[PDB]
Every structure is written in C-alpha cells, then in structure tokens.
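One letter stands for each residue in the lines below.
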Amino acid sequence: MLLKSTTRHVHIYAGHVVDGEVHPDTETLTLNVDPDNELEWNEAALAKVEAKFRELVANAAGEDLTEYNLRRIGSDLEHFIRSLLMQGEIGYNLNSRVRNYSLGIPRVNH
Amino acid sequence: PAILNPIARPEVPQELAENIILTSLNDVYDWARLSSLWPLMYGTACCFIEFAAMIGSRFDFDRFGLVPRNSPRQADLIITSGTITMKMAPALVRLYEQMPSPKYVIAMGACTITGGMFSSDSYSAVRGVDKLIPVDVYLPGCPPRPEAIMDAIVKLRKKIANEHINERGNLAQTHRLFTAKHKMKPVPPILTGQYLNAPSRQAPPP
Amino acid sequence: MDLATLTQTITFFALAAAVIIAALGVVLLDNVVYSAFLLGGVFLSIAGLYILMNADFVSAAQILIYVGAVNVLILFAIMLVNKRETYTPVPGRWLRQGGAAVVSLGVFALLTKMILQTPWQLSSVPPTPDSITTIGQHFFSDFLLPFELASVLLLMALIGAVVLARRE
Amino acid sequence: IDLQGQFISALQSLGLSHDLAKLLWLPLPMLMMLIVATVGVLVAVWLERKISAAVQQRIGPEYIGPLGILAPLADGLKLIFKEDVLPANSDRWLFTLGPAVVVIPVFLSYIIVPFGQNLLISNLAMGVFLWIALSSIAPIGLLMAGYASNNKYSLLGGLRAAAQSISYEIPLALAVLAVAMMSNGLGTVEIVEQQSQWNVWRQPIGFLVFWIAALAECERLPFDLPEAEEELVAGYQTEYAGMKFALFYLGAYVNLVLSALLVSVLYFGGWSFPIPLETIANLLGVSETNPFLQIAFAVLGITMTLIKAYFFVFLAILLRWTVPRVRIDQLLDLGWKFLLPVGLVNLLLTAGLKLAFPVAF
Amino acid sequence: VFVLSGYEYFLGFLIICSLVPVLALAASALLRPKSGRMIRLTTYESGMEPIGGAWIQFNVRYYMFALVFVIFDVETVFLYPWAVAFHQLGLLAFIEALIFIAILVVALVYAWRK
Amino acid sequence: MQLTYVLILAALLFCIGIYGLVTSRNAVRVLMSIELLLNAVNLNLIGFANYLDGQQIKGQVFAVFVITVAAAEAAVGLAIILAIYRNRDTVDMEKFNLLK
Amino acid sequence: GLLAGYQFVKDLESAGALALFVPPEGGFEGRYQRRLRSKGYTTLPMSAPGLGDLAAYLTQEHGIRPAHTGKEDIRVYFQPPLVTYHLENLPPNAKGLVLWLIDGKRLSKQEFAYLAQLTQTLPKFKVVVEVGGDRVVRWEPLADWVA
Ligand SMILES: CCCCCCCCCCCCCCCCCC(=O)OC[C@H](CO[C@@H]1O[C@H](CO[C@H]2O[C@H](CO)[C@H](O)[C@H](O)[C@H]2O)[C@H](O)[C@H](O)[C@H]1O)OC(=O)CCCCCCCCCCCCCCCCC
Ligand SMILES: CCCCCCCCCCCCCCCCCC(=O)OC[C@H](CO[C@@H]1O[C@H](CO[C@H]2O[C@H](CO)[C@H](O)[C@H](O)[C@H]2O)[C@H](O)[C@H](O)[C@H]1O)OC(=O)CCCCCCCCCCCCCCCCC
Ligand SMILES: CCCCCCCCCCCCCCCC(=O)OC[C@H](CO[C@@H]1O[C@H](CS(=O)(=O)O)[C@@H](O)[C@H](O)[C@H]1O)OC(=O)CCCCCCCCCCCCCCC
Ligand SMILES: CCCCCCCCCCCCCCCC(=O)OC[C@H](CO[C@@H]1O[C@H](CS(=O)(=O)O)[C@@H](O)[C@H](O)[C@H]1O)OC(=O)CCCCCCCCCCCCCCC
Ligand SMILES: CCCCCCCCCCCCCCCCCC(=O)O[C@@H](COC(=O)CCCCCCCCCCCCCCC)COP(=O)(O)OC[C@H](O)CO
Ligand code: SF4
C-alpha cells in the first residue's frame, strides 16, 4: 500500500509514477508540487524546490519510512514554498479558479 | 520585497468567446450543472448533524436538486462538516481527488475554515481545510443553522453559474513531478487484522 | 433479387462472421474471462441464426439457457478458480497443437466435401410459422419418452452436482 | 385510419419502389417507442422524487422548473458533462460495456408493449416469452461490471446482484406461464384480447407472484440490495462517474415502467375502459371504417393503459418507502422457497381449472 | 424462405436500441473534461488505502444458487409449449406434465433440504 | 442463405470447438469448447428442419433436448471442475496426469 | 425573456454602477457576470458585508489585524488597496475591472452613494451590487435607487 504526505501544493508519495499510476516502491519518494495551480511557477523556483526536496530527503534521512516522517518532510517543503512566496519568487495564480489565499494575503512589507 | 505574497500579473489575456449561440449554450451547460449538485455523504463531527437536519423534512435540500451520494465517483460537491484531524486529513484529500473534475467544496463550521475553537492548544486538528483542498464557499459558525448551509448553497450556485465552457482549461492538474531515491528502512505495518485471534488475548503471561 | 432476401442474406452473413470471430476468440484468447463473454456472444449470434431459420421458439429458449443460465454459470465458475495463472510452458506442446490443427483442418475439409457433394432433398414447401404449438404437440405424442426422461435426467444431474460441489 | 397505409401509399404515389416504402417506415415506430420510453423514464424519476417527498411531509425539487419538472433533465445533463474515470488496474472494455449490456435488452423488450391494438411495434409470436429470455442478459452486465474492477468492494456487489437477478427469474416465468395458459398464446395482443368483457380476477395468486418477482429485479427498496447504501456503498456502481453511471441510473427506471406496463397488459389490459367498449353499437358507430370513432377509441385505450401503468409505478415507488429491507438471505428465500413453490402451485391450479372448466379459461 | 411475421422490427429496433448507449456515451465523450490521471485513478476503499492481497475468500454460495437456477430454467423451457398448446392436448397430457412437475418438485425439495 | 451454407458453418464451428477442446490448457475452456460443439450440432438440426422437414418440424424438438442436456452436462462439468480444484488447487489440464 | 443578449454590458458601460435584483435562489445572475467577463471586463466578487470604510479598503490602504489567539501578539498587515492593486494586475487587453458585491443589502445608503460616485473617477472601474429583491434578474443604475 502507498505511504503518502498529501497536503495543498505538496504531494509526497512512496512510489514511481510510470504513466499516471503510483506503484508503491519503498524507495522513490515522488513529489507533486502544486497540482491544483494555486500559484504560478518559474524555472528557477521549481529548481530551488527540487533542490530543497533532495537535500531534505537525502541529507537528513536514516530513519523509518513511517507516514510520520513523510509528513515531516512535506511540512518542511511547504514551509520552504511559503518562504519563496513571501520573498516574491513566485506568486498566486490570479486565474479564474477558486482564488482563496491559502498561504496569506498580499501585504506591503512595512 | 516590494509587495509580499504578490500576484501573477499574467499575459495572453483571455481568449474568451462572444457569439450569442455559444454563450446561450453555456447558459444551459451551467444551469444543468448548478441545479443538480449531488453532495457526498461525508460527515466527521458535530456539523454533520446539522447537515442531516438540512436533509430532513423541516427543510430539505431536495429542492434545488441535491441528492446525497455515497461514493465520491458520483459526487460533485463535498460539504466538509466536522473537524479534520491529522489522522484523517489524507483520508479526505483522497476522497476529494477520487472524484470527477467539475467538483466543488464548501467548508462549513468554524473548524474547517480556520481551525475553529481548536485553533489553539490542539496538536492534532488541521487548522482549516483551505490548506488541504481548494474551498469554494466558507460559512462560519459552530453548528451553522441549516438555513445557513442553504445560504452557502445559494452562494455556490451563483458561483457555478459564472463558469465558462471556453475556460475549462483551469480545471486539470499540472503535475510537476520529481523523484529522489532514499534510504529509510521500510517497517512492517502495525495495523492488520488479528484482534481476538492474537496469542496475547487468550492467556496471561507467566 | 428482392429487398427481403437481400436483408436475409446480409444478416445471415453478418451473423456467420460474428459466430466465426467470437468462436475463434473463445478458444484463442489468452484471457479466460474475455472467452467467457465471447461465449455469450456466440450464443446470441446462434440465437439470431435460429430466428433467421423460422425457429422462433428455440432461439428464445437458447437465449434463456445458454446466454442466461449456462453463461452465468460459466462466469461464476471462472471467478471461483482465479489464481493468477502461473502456467509454465511444457515441451510436448507444439506436437499436440500441430496435431489438433491438422486434424481439425482435415475433418473440416472432409465435412465440407460431404456437404457439397450429397444431394439434399430440399422439398420446396414453405415452413410453418406456428412452430411452438407443433413442438407442444410433439412433446406428448411422439417424443413422450424423452420428455418424461428429461425430468429424471435433470433430477440426477442436480443430485450429483450438489454432491460434488458440496462443502464438507 | 391506419397511418401505415397512408404513409406507404403517399410515399408510393411518387414512385420510390413500394417495397422500399415499407423499409422507410420502420424508424417511425422504432423511435416513437424510444420517445415514450424516455418520457416514461423522466416521469419515473420525477414521480419517485416527488412522491417520496409527499410521503415524508416534504417538498421535492421546486427550484429547477415550475414544479421540478426539469429536475430529471438537469440530473441527466449533469452526468453527461461529468469527467469519466477508469481506475488503475480495471479492465478497459468490460468497464464501459457493463452499463450498456444492462440497458440494451431492457430497451429491446419494448417491442411487445401494446398501447392499444395496431399501436405497437410488431406484435411478435414469442411476445412475453421473448421478454423472459431478454431479461436474462442483465446478469451478464452485472457480472461484467464486477469482474472489470480492481475493487473487491464492487466485485462482491456484482456477484450478489447477478445472484439476485437469477433468483427471481423462475417465478417471474411461472406467473407468465399461468397467464399464457389462459391467453391461448404468447403474443401480447393475443394475450390481452382474451379480455373482451381481466386476468387478475382469475389469477389472484399469479398476479402476486409476478408483481413480487418484478419488484425483486434489483429495483425497489423492498430489496434494492446492490443499491442499499448503508450496508455497502452502491455495490458495483461505486466506480462509475459520468454517462456510464447514468446508464445504470436510467436502465433501472425504464426497467420499472416496463414492468408496470407489463403487469397492466398481462393482468389488466391496455384496452377496455372497464365496460365492454366495442359494444358501443348503441351510438350506431361503424368502427370498421369510422374515420373518428377510431381516434376516440385510440385515445381511450392509451389513457386506460397509462392509468394502470401509473397505478403500479405509484405502488412500487410507494412500497420503496414502506417495506423494510431484507439482508440477502431473507431475499434468496423469497425465490426458491416461497415464490417458486407458489408459482408451481398457481400453474398447477390454472391447469386443473382449465382442464375441468374450459369455459372462462 | 422466411415466414416469421413480426421480424423486420426486432432487427431494426435492436440496431436503434444498441445505438442509444453508443451514442449517448459518445456525446458524453466529446464534451467532458479530459483526463484526471494521477490519483483520481485509484480504487475507492472508504478513503484509506487498499489493504493489499485483495482476494475474495471463494465460496460455493453462488455456484449452487446457479446450478439450481439452470435446472429450473430448463424446466420452464420444457413447460412453455405444454402451456401454450394445452387446448389441442386435453387430458393424458396433463398426466405426463404432472409427472414432470412432480419430479421437478422432488428435485426442489432435495435442493432445499441440504 | 442456403442449406449448404448453414451446414458448412456448423462444420466450421465444430472444427473450432474441437481445436479449443484439444489445444486449450485451462479447464473451463474445454467445457466452453464442448458447448461450441453442441451448438454446431444444433445448427445442423435446425437447418435440416427448416429446409427438409419444414411442416412437422422434428429437428427443432431434438434441438430443444440438446440444449437442455448441454445445460445439464455443463452443470455437472463445472461441479467436477470445482471438486478437482478443491483438492489439486489448479485447473492446468497439463497437471492431471497420474500416470507414465 | 429566458435568454439574454448583451444589454447588461451596454447598461453597465453607460451608467457605471448597477444594482441587480436577483431572485433569492442565486443561479440566474452568474450568466450576467459571464456576459461581462466575455467582453473583456474582469470581475472580482468580495461579499460587501466585511469591508471597512469602503474608502480605506478600496482606495487607500488599511491595516488588517489577523486573529492572534493568545499567541503571536497583535500584528498588522497593511494589505494594498483592493482596487488600485487589481487595476494594475489586469490582463494585457482588459476593458476594465468591475467590482461585484454579493450581499449589497447590508450596506447603507451612504455607502451606496459612495460606490456610485467612485465610478466616475478612477476610469476603468465599474460596480455591480446585488441588492436583493425581485423574482426576475432586473437591474437599475446605482446612482438611482437612492434618494
Ligand atoms: C413523455 C410522455 C408523453 C409524451 C407525448 C408523446 C409524444 C407525441 C406527442 C404528439 C401528441 C399529438 C397526437 C394527438 C393524439 C391523437 C392521435 C391519436 O390518438 O391517433 C390514434 C390512431 C388510431 O389508430 C387506429 O385506431 C383504429 C381504431 O382504434 C383502435 O384502438 C384500440 C385497438 O383496438 C382500441 O381497442 C379501439 O377500440 C380500436 O378501435 C384501428 O385500431 C386502426 O388499426 C389504427 O390504425 O393511432 C395514431 O395515429 C396514434 C399514433 C401517435 C401516437 C401519439 C399518441 C400520444 C397520446 C395523446 C393522447 C391524448 C389524450 C387526450 C388529449 C387531450 C387531453 C384530454
Ligand atoms: C432521409 C433521412 C431519413 C432519416 C430518418 C430519421 C428521421 C426521423 C423522422 C421523424 C421523427 C418522428 C418520430 C416519431 C414520429 C411518429 C411516427 C408515428 O406516429 O408512428 C405511429 C406508430 C406506429 O404504429 C401504428 O400501427 C398501426 C398500424 O398497424 C401496424 O403497425 C405496427 C407496425 O406494423 C404494428 O406492427 C401493427 O401490428 C401493424 O399492424 C396504426 O394504425 C398506425 O398505422 C401505425 O403507424 O405508433 C406506434 O407504434 C405505437 C407507439 C406509439 C404509441 C403511443 C402511445 C404513446 C405513449 C403515451 C405518450 C405519453 C407518455 C408519457 C408517459 C409515459 C409513462 C409510461
Ligand atoms: C445550434 C447548435 C449549434 C452547435 C450545437 C452544439 C451542442 C453541443 C456542443 C456545444 C458547442 C461546443 C462543443 C465542443 C465540444 C467540447 O466540449 O469542446 C471542449 C470545450 C471545452 O473547452 C475547452 O476545454 C478544453 C480542455 S477540456 O478538455 O475541456 O478540459 C481546452 O482544450 C479548450 O481550450 C477549452 O476551450 O467545451 C466545449 O466546446 C463545449 C462543451 C460543453 C458545451 C455544452 C453545451 C450544452 C449543450 C447541450 C444542451 C442543449 C440542449 C439540446 C440541444 C440540441
Ligand atoms: C431519445 C431522444 C432524447 C434526446 C434528449 C433531449 C435533450 C434535451 C436538451 C435540452 C434541454 C434544455 C432545457 C433548458 C430548460 C431551462 O433552461 O430552464 C429554465 C430556467 C428557469 O429559470 C427561468 O428564468 C427566468 C428568471 S430569470 O430571468 O432567468 O432570472 C424566469 O423565466 C424563471 O426563473 C424561469 O422561467 O431558465 C434559466 O434559469 C436560465 C437558463 C437559460 C436557458 C437557456 C435557454 C435555452 C436555449 C437553448 C439553446 C438554443 C440555442 C439557440 C438560441 C439562440
Ligand atoms: C437478444 C439480442 C439479439 C439476439 C438476436 C439478434 C439477431 C437479429 C435477429 C435477426 C432478424 C432476422 C431477419 C429479419 C428478416 C428481414 C426481412 C423480413 O423480415 O421480411 C419481412 C419484410 O422485410 C423487410 O422489408 C425488412 C427489410 C428492412 C430491415 C432492415 C433493417 C432496418 C434498419 C433501420 C431502418 C433504416 C432505414 C433507413 C435506411 C436508408 C416480411 O414482412 P412481414 O412481416 O409483413 O410478413 C408479410 C410480408 O409483409 C409480406 O408477405
Ligand atoms: S465546526 Fe463547530 S459544530 Fe462543527 S464539529 Fe467543529 S466545533 Fe463542532
């Protein structure tokens, strides 16, 4: 069975997406940043997120594969995404979708 | 750092349509869809009961066409009623993603829009479902009067009637997916059958 | 040379093509459930072929029994025996496969020669439309022994099958 | 009038190969019956939703149309536009075929629904027996919907559905058998023309058996086991999303209007405003070629068929909210332990009464 | 030769009825959202994940209930032409059909006693 | 649509059923092939009844009996297969050989 | 008359501030918003009962104070003007930006007059306010309906 940490704009699984399926593997740790397109992404920001994901899964892991640790990785990835959005590297989508600012409203940095 | 949490500022402006025939057909596409919402029979806690009161004879959502459905495959509306703990958050996202694409969400009660009375000193409640799924309508209040759930249904119908068949592009999932090998010692699942046939149930240890 | 006969020929050849393709699928396909459903396809096509031969009662009877009772039985039993099909190939296979193929082709050629050679007695008189009342007359005048012994046949089949498929 | 005569004659007046005109007319009734079947489905959905609401001191759909008239239209058009899902390891071709095999033979059985004499598609010689044979293909559809799923939830539902649809096929045939004993035949028009001055009054047990067996075709809340939400989620339907699920949602109400019309024609008669109407020689009407009287009696026959079909649709969707469900084993004991013995007893009784008193049988 | 009157309609109506699903299900395919591939494509297990293994614990519960159905399905086929032709037959056919039905009744009793 | 065509079709169905009865390895498929064979026989009977003996149809009653008994023999054969499966736990017809 | 043309958009471009009278079932005015959006105008509905002065929220800035709940002592956010910030983020070929207010019944006549006057200044900015009412979707200029 799968082991996953699924929240908004982060989806970590424990398998390999071959064509759309998941296929639990016990060492792949796929990642699916922002499926619903709450935000608008760039090529540099996605690379930063992938690098953070790698250094978070590789440099700090010798522990079990419980769903607790998967959630613990997803939480750090989402804090990193929120920091990227605060600094302004990315932004909300503004498209005609739901548009509920889940990571905070736009403020003016006083 | 000029404006924190900025907006997109997009390009390629709209590519929307104008001819009377296609907008008149969009009228029917959106009328058939909003006046036959089928909610998923999904309750977790207190608010569900008020939702059930909204099913009862005192005032039923049967008018304006709402028939509660059991499986998410036929449901196109999930009225999240109850506090979502961290134990059950992935059990909701699943039920949401396991459900056809022109779908909607209503976060009812305070415990699904901000965390509610559990937004403080609680270590297990998800502080709002807006950080799990794209909510469409929020109605506040510990258990909201079941004629406030119907007000939320009114505000959701007038949002559904807004959609545009020439705009269903903002409805798929982009799937920016990656991969990274790990070394993390898979453990055996500690949740199986074996409750009464367990050997430790039949005789005390010496 | 007509619109009725043209339809009766086109439908016959369509149903014959359906019979051949579904019957080849029953025996050639690697998956067994596809064969279990193409079998009902065969039975439905043959039920149509009966109607095209002025036999309206026996076609409905076939649809009742073959694609309504025997097919459902075969589907249940095919579900009962699922174990993921770990069939290891056996050496002495091309021998029996080739033998079956050649004996089948030879028997078919022999039967086709026999059918195209013998002078059947066509007896050009239009058949009867009320084909069920006649079958009702033959159950109790001519075919009384078989009609009466089919009951005991069904009873012994029920007894023996319950005994074999019982659980104890 | 004989609209067929006029159509073929006016079409042959401009040539067009008279024999070919008879081929150019089949679509006319073959789609008139489709129209009445679809309207019957809309009526059945509307009646269910508006009668279940009255029974429960409630109000059904009222914000769709004037009286919720457009509620079935909306519920269908929604399911048209819905994204269809096909789960991971499920089969791809038995999936999209189950909901069609459970529907095609339910529509095909409308060949034999009379709606008044000369007002039906090709009164067949097999008639009701052809319907008994065709109603045995839906279990293949349910087994197909269950076998082509990676969900063991729904295979167990497909099996318990295909095992209920075969339990109520022997008594459903033993009731039509007793009706065909009296009817001298099997064609529906020939079955009903024995009512010339109703079979319910001479088959008071076969009527009960037929009606119970027809309600127990995986249709009504008396049973509705594969749809019993609480015990199991939708059974086999739990994985169909768009139009594939609407085919189940639709093939279950057409299978109800069909049964209502069939109980009407077997035990009551799609004719016969109760008095022996055709003995209205008291108005000195030459029915034979009366240009009207023909249309007046046509309308009377259609109304008298629909009254007694609506009676049973009403009574079925009323029992839905009156009779408690039975598990699955109290269900399989109705057939094979109560309905099959009583069906055999009714058949033997009709035989004994037809051999002794050949009049009135 | 073909003398079965009423047929012409069963073929045409069979075609027009088989055309209803393959047309509604194609109209729905033309106008409906595209794919939803990633995790929409899993099996519904009440929100949790499939337990694994995924068998059925085979039971003869539904072979016997199909055996006994086949038996009486054949019985009805044998009884239909007797009932339709009960006029020209009269007596001495009721006796044979009654023997048939009694044998089938003993069959049902045997199936119901185990 | 002639008698020779119906007979050749029945012979070809007989052929296919024989091939499936000898070649197939699963155990229910041989029963399905036997059913194909019995259908090939019923087709002969109905063709002969429709063309040769068309008034007092006697191939059609014989065909009714053939259908009856094919149902019965299937009901018994699936029972035999369930019995052998309950013990050997397979249906591979190339493993029911207790000989040399 | 069961199907509408584009008179709504013309009337909005003429008056500037309309006052809908939608029926209290809320599924028959979204099509008029879709008509607005198809012309080039971009909408944004923000449920009037919940805005402040309507001048600090729409024109000027305003310090939003989130819900500290015992932790995280009082902090302000200063979200930008809800209009001047959305007039800058219009799509390239955008005809304007109309402001939709769902529950307009809660506002007062003073705020209605303010919203009407705000349309003349600040050019690319129209206003629709769903004041509750009639059983058909009728509109009326927002400069009217008051005084
Ligand atoms: C969604 C569900 C509802 C949707 C509606 C269906 C869509 C169609 C909409 C069109 C409606 C307009 C048609 C006007 C109805 C009058 C036509 C008629 O009666 O025509 C009747 C003729 C009669 O046919 C002839 O009828 C003759 C005599 O009548 C016979 O009819 C029966 C057979 O014996 C009776 O037993 C009777 O005694 C017998 O004499 C002979 O049988 C001939 O062989 C036969 O050809 O058939 C025909 O062309 C009829 C063929 C067309 C069928 C349409 C009928 C629709 C039902 C309308 C009922 C109206 C009720 C009252 C309306 C006002 C309100 C109070
Ligand atoms: C070049 C391209 C070409 C492409 C072709 C495609 C284009 C399509 C063309 C236009 C579409 C029109 C579709 C419908 C038109 C109506 C045709 C008609 O009127 O067709 C008339 C037909 C035909 O039957 C009639 O049949 C009699 C004639 O006898 C013969 O008619 C039949 C055919 O032979 C039978 O075989 C009969 O036994 C045979 O003897 C009549 O007198 C007429 O002649 C004959 O037409 O009527 C019947 O079949 C009876 C069925 C209707 C009965 C109505 C009861 C109505 C139900 C009530 C409505 C309300 C329901 C709502 C509530 C429901 C809840 C349950
Ligand atoms: C007088 C009638 C004249 C014509 C009548 C036609 C009626 C049916 C067809 C409607 C016209 C548009 C059809 C195109 C097919 C399609 O869906 O394209 C894909 C686009 C989706 O947009 C697209 O979305 C696509 C992605 S996606 O797959 O949709 O997710 C994306 O690629 C694309 O860019 C985006 O624009 O959708 C459409 O074009 C329309 C789909 C929904 C239209 C429903 C109309 C409802 C009418 C039924 C009610 C009428 C009652 C009876 C009348 C007889
Ligand atoms: C085997 C064959 C079977 C084939 C199957 C058949 C498929 C049929 C598919 C078609 C079904 C469509 C039904 C529509 C019913 C309906 O709309 O509900 C009626 C509702 C009720 O509200 C109304 O609205 C009005 C109020 S208001 O102004 O809207 O607010 C007021 O009238 C009142 O509320 C109420 O009347 O109307 C509406 O709410 C607005 C929706 C607008 C509908 C569009 C008009 C229809 C146009 C068709 C397309 C033609 C294209 C050319 C036109 C230029
Ligand atoms: C349960 C699933 C299905 C199982 C079985 C499926 C198999 C299908 C059944 C096979 C049907 C058999 C063959 C049909 C015979 C056709 C020819 C025929 O029937 O003769 C009739 C006449 O035949 C025809 O005219 C029919 C030919 C047209 C049928 C073609 C199909 C129609 C397709 C739809 C209509 C399309 C029209 C527009 C095309 C441009 C006889 O007329 P009658 O009944 O009145 O008897 C007396 C006769 O009138 C004169 O004495
Ligand atoms: S939202 Fe309020 S009423 Fe509902 S479960 Fe949470 S605390 Fe209880």
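Residues numbered from 1 in each chain as written, not as in the entry; some residues may be left out. Chains lettered and ligands numbered in written order. Part of a larger assembly, values for the part shown. Heavy atoms only, no water. Residues with missing side-chain atoms left out of burial classes, pairs and counts.

For this entry, the PDB record names cryo-EM as the structure determination method and reports a resolution of 3.2 Å.

Chemist: How should the pairing of strand β4 (residues 126–129) of chain G be read in this particular structure?
Modeler: For a regular strand, the rule is simple: side chains alternate between the two faces of the sheet. Residues and elements named next belong to chain G. Here β4 shows no split at all, with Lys-126 and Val-128 on one side and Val-127 and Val-129 on the other all buried. The pairing of strand β1 (residues 17–18) with β4 spans two bridges and is classified as parallel. Bridge pairing links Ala-17 to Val-127 in β4. The parallel pair strand β3 (residues 97–101) and β4, bridged by helix α4 (residues 109–120), forms a crossover whose chirality is right-handed. (Buried < 20%, exposed > 50% of the residue type's maximum accessible area, 1.4 Å probe, protein only. Helix = DSSP H or I, 4+ residues; strand = E, 2+ residues; numbered from the N terminus. Pairing = 2+ DSSP bridges. Right-handed = clockwise from strand over helix to strand, strands pointing away.)

Chemist: I keep staring at the site of ligand 4 and nothing clicks. Help me out?
Modeler: The environment of ligand 4 is made up of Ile21(B), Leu25(B), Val28(B), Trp31(B), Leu70(D), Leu2(G), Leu3(G), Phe28(G), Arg31(G) and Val137(G). Within the side chain of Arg31(G), one N or O atom sits 2.7 Å away from an oxygen atom of ligand 4. Looking at which element gives the most residues to the shell around ligand 4, the answer is helix α1 (residues 20–34) of chain B, with four residues. Class assignment for the residues of the shell around ligand 4 results in nine nonpolar, no polar and one charged. (Near = heavy atom within 4 Å. Polar contact = N/O pair within 3.5 Å; in protein donor to acceptor, adjacent residues only side chain to side chain. Nonpolar A, V, L, I, M, F, W, Y, C, P; charged D, E, K, R; others polar.)

Chemist: Can you help me understand the side chain of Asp27(B) in this one?
Modeler: Following the sequence through the fold, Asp27(B) ends up in helix α1. Discounting chain neighbours no more than four positions away, the residues touching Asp27(B) are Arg31(G), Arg34(G) and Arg35(G). (Contact = heavy atoms within 4.5 Å.)

Chemist: Before we go on, may I ask you to explain the interface of chain F and chain C in this structure?
Modeler: When the parts of a complex come together, some accessible area is lost, and that lost area is often taken as the interface size. Contact residues are listed per partner, giving 67 residues for chain F and 79 residues for chain C. Contact between chain F and chain C buries roughly 6,600 Å² in total, counting both sides, with carbon and sulfur atoms accounting for 76%. Interface area lost by chain F to chain C is led by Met1(F), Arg29(F) and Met32(F), which between them contribute 10%. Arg93(C) is the salt-bridge partner of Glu94(F), the closest N and O atoms lying 2.8 Å from each other. Along the contact surface separating chain F from chain C lie 12 residue pairs in polar contact. Ranked by the residues each element gives to the side of chain F that touches chain C, the list is headed by helix α3 (residues 59–88) of chain F, at 21 residues. Considered class by class, the residues forming the side of chain F that touches chain C number 45 nonpolar, 14 polar and eight charged. (Buried area = accessible area lost by both parts, 1.4 Å probe. Salt bridge = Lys/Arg side-chain N within 4 Å of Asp/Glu carboxyl O.)

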